[PDB]
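A.B. asks: Before we start, here is the structure in question, set down as structure tokens.
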Amino acid sequence: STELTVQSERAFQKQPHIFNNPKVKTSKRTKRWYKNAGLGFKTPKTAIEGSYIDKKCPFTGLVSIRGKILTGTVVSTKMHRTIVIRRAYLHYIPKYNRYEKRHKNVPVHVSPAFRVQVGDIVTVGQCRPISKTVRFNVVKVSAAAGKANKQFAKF
Amino acid sequence: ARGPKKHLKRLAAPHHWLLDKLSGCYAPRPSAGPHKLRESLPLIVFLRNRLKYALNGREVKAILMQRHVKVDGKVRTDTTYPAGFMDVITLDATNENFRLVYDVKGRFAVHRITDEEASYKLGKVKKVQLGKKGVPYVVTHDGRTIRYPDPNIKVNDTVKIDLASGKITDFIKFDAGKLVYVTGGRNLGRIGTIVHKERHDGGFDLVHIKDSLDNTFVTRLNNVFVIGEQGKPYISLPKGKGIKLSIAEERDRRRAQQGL
RNA sequence: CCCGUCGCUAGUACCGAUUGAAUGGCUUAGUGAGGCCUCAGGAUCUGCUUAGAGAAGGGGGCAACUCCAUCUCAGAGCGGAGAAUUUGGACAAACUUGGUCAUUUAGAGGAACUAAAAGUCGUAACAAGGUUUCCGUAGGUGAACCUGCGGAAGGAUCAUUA
RNA sequence: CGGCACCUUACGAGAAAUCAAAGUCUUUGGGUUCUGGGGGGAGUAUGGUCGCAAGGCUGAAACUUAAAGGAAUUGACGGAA
RNA sequence: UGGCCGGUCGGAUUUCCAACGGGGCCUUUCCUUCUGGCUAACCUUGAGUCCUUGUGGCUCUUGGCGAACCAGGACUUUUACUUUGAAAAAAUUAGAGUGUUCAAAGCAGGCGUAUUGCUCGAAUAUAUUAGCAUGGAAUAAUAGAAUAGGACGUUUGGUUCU
RNA sequence: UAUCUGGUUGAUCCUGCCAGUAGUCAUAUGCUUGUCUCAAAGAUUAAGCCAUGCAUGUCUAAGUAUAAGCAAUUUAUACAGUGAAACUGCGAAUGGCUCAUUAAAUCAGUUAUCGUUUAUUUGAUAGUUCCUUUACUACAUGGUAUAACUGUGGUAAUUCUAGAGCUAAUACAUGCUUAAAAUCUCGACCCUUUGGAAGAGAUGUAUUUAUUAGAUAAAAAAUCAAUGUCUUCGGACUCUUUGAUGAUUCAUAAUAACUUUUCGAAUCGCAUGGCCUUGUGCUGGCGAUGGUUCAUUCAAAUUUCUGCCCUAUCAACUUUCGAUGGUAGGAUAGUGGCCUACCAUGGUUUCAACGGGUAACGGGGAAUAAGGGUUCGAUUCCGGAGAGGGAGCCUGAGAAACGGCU
RNA sequence: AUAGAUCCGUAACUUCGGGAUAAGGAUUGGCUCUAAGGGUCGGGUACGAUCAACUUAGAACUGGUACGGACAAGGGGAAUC
Ligand SMILES: [Mg+2]
Ligand SMILES: [Mg+2]
Ligand SMILES: [Mg+2]
Ligand SMILES: [Mg+2]
Ligand SMILES: [Mg+2]
Ligand SMILES: [Mg+2]
Ligand SMILES: [Mg+2]
Ligand SMILES: [Mg+2]
Ligand SMILES: [Mg+2]
Ligand SMILES: [Mg+2]
Ligand SMILES: [Mg+2]
Ligand SMILES: [Mg+2]
Ligand SMILES: [Mg+2]
Ligand SMILES: [Mg+2]
Ligand SMILES: [Mg+2]
Ligand SMILES: [Mg+2]
Ligand SMILES: [Mg+2]
Ligand SMILES: [Mg+2]
Ligand SMILES: [Mg+2]
Ligand SMILES: [Mg+2]
Ligand SMILES: [Mg+2]
Ligand SMILES: [Mg+2]
Ligand SMILES: [Mg+2]
Ligand SMILES: [Mg+2]
Ligand SMILES: [Mg+2]
Ligand SMILES: [Mg+2]
Ligand SMILES: [Mg+2]
Ligand SMILES: [Mg+2]
Ligand SMILES: [Mg+2]
Ligand SMILES: [Mg+2]
Ligand SMILES: [Mg+2]
Ligand SMILES: [Mg+2]
Ligand SMILES: [Mg+2]
Ligand SMILES: [Mg+2]
Ligand SMILES: [Mg+2]
Ligand SMILES: [Mg+2]
Ligand SMILES: [Mg+2]
Ligand SMILES: [Mg+2]
Ligand SMILES: [Mg+2]
């Protein structure tokens, strides 16, 4: 994500305490801070080489992934840098020795290192409270094919 | 609500204190100290209930204010001072030293040690960290900050504290094949050697421990306390050696010991 | 055997004019105490101080524009604490009016149901119950009901390749 | 092969009448939807909604009651043969 | 489980074995690797079958499948299910021990010489779902290679990064 | 501890309910009541109202004693024993009661703080104190200002207090002495450059900002710009120091400063040793109480996942006036629409959202026990909430406290 | 008495069109600003000059809380015949 207007806000978007010295020209252009989130979650090369800021990103931001590592189907990418995932499960009623389908809607912050859409299976990880309802970041996206390569028209 | 709690209800006490259900509504709430409230044994419970040296709590106070008891070489005149695991209790009158180690049923045992063993204790390293002015310190399981440790000392190691000058005499690493004293859970009080440590990056590293009778059991690493090598422990083990006989073998021992 | 109308008696709910009444929420709007934060205020109650009598070497010094110093009173030297009061905020009790929701209840009178079996009138149903019954719909009638149209048999026909 | 049905039997089922499904059910589980919980009050009151209306769909409670009912047997009775 | 020298007046033992229950290996064998040491039950075996038997002893073996696991992996189809294990406070429930004189209960108590006191205890189970770790891979879903944007790799280029 | 029986009929077989029957840590009531052990008990209705009395105070050798208190003669004409009062300190935030509110709220099991505060305990910890050093003011130890007390009063009344005179501190406010070096910065005297030095200031720890380090899978070579420690100027070059986590802008260290400048002992008891220039000189023990920071303990606050009764005669709700999100600020102890400003138009729902009821506090648990279940849980343990209803705050580590205040 | 305009809010009943300006409630000046809402002018066989109108929304400041400052300008509700 090296484009689409990083400085789109009234404040200068920068990573805090990362200093680009203008007197000595750095050998690498526009020094970027990144980290591995841990738990075998690979920092994407878009996070490493991008130009976005996202202070709530799990790789280039100031949040840490710790706690639950959940997985869910994306049902809504209609916010800016926040998605809603569906965590469908099954609840056991012990009287009838049977289960019932249930679901929970979890709002998750998404970094612009990840391009997600409705239908993707994402792996999310618990962070500190990001907003009123968001306590998770997307740390992994698990839809590469998605059966979306053969639907297009032919001759 | 509204502040710190100062009363411990009887039936809210730790079960290993073995307080009777009747005879009072309250239990001795331990003071703040080196050990956690549910993993410690107050001096009133040790003196009045275990040793039976006092009949009341008034007599426990009368014992302690003559500076008779001392825990880890210091006097500790509090009635509910939290004497926890590894703690050496010296009674200078009666000329005896106790080490607060668990029995295999999960309870603090009356374990008399010698005056040589009363000159030291063992401590599980809780953190190794750099303090102010760049000085490394190590924190044991009983709240002791010990400055300038050995650089080979890591977390989950066991140091040997000298109790007069509280320094590290030596230490034991956390490797496979070293003795464990299990200090928490339903396997509490058991003694065995590490088969291997199962990692689980993210939380709750597990330890597979095998005792002298080849019975393996899995325990979280919060409850594992290294006490020595394969065999030859650095402390003196209590009577029973952390074996956990089953209840059939326990009644077999009782019928083989009471019939003469 | 049974069915209704009407008739006394008792009970139970329903409709009911009363902008019915009451309680409890929530709430728009208006007024808005109090403490807290804040802009001011400065009763006092003070330590040092004077370039002016201040009846006091400016503390190594009363000639190199130079080595921390007090008292009556005026202060032109300051500095601190600081009460009443007060400005603006946010929190906001509580009151007034209006809204709506939940619950309870008075009510002249009306229309029902039950107790309920015996009263008056008829005999609708049960037999081909004397017009086979019953369903839907529509109209009519003191009442059970009757009549039309379509249906059913739970019919009084399992049947006329006679 | 598919269909509307029918006759005999009762393996079986059923309280029985009867049923080749109403069988494969106390030896209880092929899949699924809807409905009922003693008789009345009552398909009533009220609310919602649909309709031009008639009404349709949804739909109580207070109260009352020891039976109401289903199938069959014997009798009696029939303006039934 | 025993199963037989019954030599302890119907009580050790066990390739004498059968029925169970596991783990490997080979049968075209589906599960990963690469960085550096553990020098595999030293793949091998100079020393040697001195030990006598047969086959239960092959050793300081010449570098040795350096593979007996530690951390950053060209490293990742996801679930349900079920086994096991940590956790699910005590009291309570079930329950072991113990003549509160019995019992409900309680966690006591028992044994000498009562003279310098000895000592067993305060077990165990269940605690349902969800979370954690783990074994299985049936059952029931789920995904892959079809305009090949498919796999590998002992090929050979190129770009770019560390 | 797997059980049925009476009632529809003239009799029958059913459906079907009524009735029986047996428990209740399940309440009330009637009659009766001798003994032993054990024991609930104003929850239901009215979280309605309260007369009275009590329930929170506390002193050791070790903060302050001139009681004009009591008692005793001793290193004791500074005090010395005990000690009302009162100041200071600590506690009053625990306990106890109740279940009114409350339906993803509380709560349960499970996480998280790499998102924070934390008295006390326990362990560790402080030679740096000078305003602009060539202008220091006691450290054998600074200051005033108050209670108690004395004395004069007001009010009918209160745990009301006023004016005057005293006097303390571990109260309040100031303030000081403890190396010896290194490293920076400034720097009057190095001329032919790879050419340096006195003597001045600064560097503890807190606070705030900015910057830097906090490394690391393996191996060689090539000119150079200038050399870098030292040359046998061929150029030898070895070594620089790096902890922790799954993970960090972590721990920690360094640089430039900043600050209505935080801490860095003007405190108390007991014992009175040791040394020689015998000065009441220099040293010196065991404690108590303080104290900054870290760690620990007791916690607290927030938080992940999943789980709650009845109701559709509650199907759409939220977004005016924060509803979902982004950016920035403010606020907080800290995350966060917690609040503000500017943008975006989101967020929940037939897998039952939102609303309504609850004679609902949640749970461990309890009654009944073939198995499955059904019902209860105000109530002795855990968690929440509340003190007549609301709101606001003070002090404090901790309260939105009510035996605190407005 | 109410009254213009802007924003909020609006019941019974209904012939579903209304009732409705229901009822009921806030704001309104001046000054200094801010932000949106246009027309014409150029391309390789991503952007600027230039011109102009009054609408709307917001903010600060300000005053003897005044402001539809004169004028102008509905009173409303429950019912019956
Ligand atoms: Mg935000
Ligand atoms: Mg409490
Ligand atoms: Mg205590
Ligand atoms: Mg009338
Ligand atoms: Mg007739
Ligand atoms: Mg007829
Ligand atoms: Mg056929
Ligand atoms: Mg019924
Ligand atoms: Mg109907
Ligand atoms: Mg109706
Ligand atoms: Mg019928
Ligand atoms: Mg019949
Ligand atoms: Mg018994
Ligand atoms: Mg009869
Ligand atoms: Mg009954
Ligand atoms: Mg007697
Ligand atoms: Mg009373
Ligand atoms: Mg009461
Ligand atoms: Mg005080
Ligand atoms: Mg204290
Ligand atoms: Mg900020
Ligand atoms: Mg923020
Ligand atoms: Mg806002
Ligand atoms: Mg309640
Ligand atoms: Mg049963
Ligand atoms: Mg409950
Ligand atoms: Mg309860
Ligand atoms: Mg109640
Ligand atoms: Mg409680
Ligand atoms: Mg409270
Ligand atoms: Mg009261
Ligand atoms: Mg109150
Ligand atoms: Mg306090
Ligand atoms: Mg209060
Ligand atoms: Mg009280
Ligand atoms: Mg209280
Ligand atoms: Mg109007
Ligand atoms: Mg009108
Ligand atoms: Mg204005």
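In chain A, numbers come from Swiss-Prot; the residues present are 2-156, in order.
Placed from the backbone N, Cα and C atoms, the Cβ positions cover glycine too.
Take a look at what Swiss-Prot says about it:
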MOD_RES   A:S2  N-acetylserine
CROSSLNK  A:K15  ubiquitin cross-link
CROSSLNK  A:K46  ubiquitin cross-link
CROSSLNK  A:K56  ubiquitin cross-link
CROSSLNK  A:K57  ubiquitin cross-link
CROSSLNK  A:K79  ubiquitin cross-link
CROSSLNK  A:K96  ubiquitin cross-link
CROSSLNK  A:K105  ubiquitin cross-link
CROSSLNK  A:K133  ubiquitin cross-link
CROSSLNK  A:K141  ubiquitin cross-link
CROSSLNK  A:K148  ubiquitin cross-link
A.B. asks: Find the shortest Cα-Cα separation between A:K141 (ubiquitin cross-link) and the recorded positions A:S2, A:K15, A:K96, A:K105, A:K133, and name the residue that gives it.
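C.D. replies: It is A:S2, whose Cα lies nearest.
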A.B. asks: A:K46 (ubiquitin cross-link): which of the recorded positions A:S2, A:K57, A:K105, A:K133, A:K148 is the nearest Cα neighbour?
C.D. replies: A:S2
A.B. asks: Could you check which of these recorded positions, A:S2, A:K79, A:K105, A:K133, A:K148, sit within 10 Å of A:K56 (ubiquitin cross-link), going Cα to Cα?
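C.D. replies: Close recorded positions: none.
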A.B. asks: Distance check, please: Cα of A:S2 (N-acetylserine) against Cα of A:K15 (ubiquitin cross-link), rounded to an integer number of angstrom.
C.D. replies: 15
A.B. asks: I need the CA-to-CA distance for A:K148 (ubiquitin cross-link) versus A:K79 (ubiquitin cross-link), whole Å please.
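C.D. replies: Given the Cα positions, A:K148 (ubiquitin cross-link) is 23 Å from A:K79 (ubiquitin cross-link).
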A.B. asks: May I ask for the distance between A:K96 (ubiquitin cross-link) and A:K79 (ubiquitin cross-link), taken between their Cα atoms and rounded to an integer number of Å?
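C.D. replies: Cα of A:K96 (ubiquitin cross-link) to Cα of A:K79 (ubiquitin cross-link) measures 40 Å after rounding.
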A.B. asks: Could you find out if DSSP has A:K46 (ubiquitin cross-link) as helix, strand or coil?
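C.D. replies: A:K46 (ubiquitin cross-link) sits in a helix per DSSP.
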A.B. asks: Write out the long-range same-chain contacts of A:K15 (ubiquitin cross-link), meaning residues 6 or more apart in sequence whose Cβ is under 8 Å from its Cβ.
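C.D. replies: Same-chain residues close to A:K15 (ubiquitin cross-link) (Cβ under 8 Å, separated by 6 or more) are A:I54.
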A.B. asks: Output, ordered by sequence, the same-chain residues six or more apart from A:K57 (ubiquitin cross-link) with a CB under 8 Å from its CB, or 'none'.
C.D. replies: A:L63, A:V64, A:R82, A:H110, A:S112, A:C128, A:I131, A:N138
A.B. asks: Ligand 13: which of the recorded positions A:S2, A:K57, A:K96, A:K105, A:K148 have a Cβ closer than 6 angstroms to it?
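C.D. replies: Going through A:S2, A:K57, A:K96, A:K105, A:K148 in sequence order, none turns out to be close to ligand 13.
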A.B. asks: Which of the three DSSP-derived classes (helix, strand, coil) applies to A:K141 (ubiquitin cross-link)?
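C.D. replies: In the DSSP reduction, A:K141 (ubiquitin cross-link) maps to strand.
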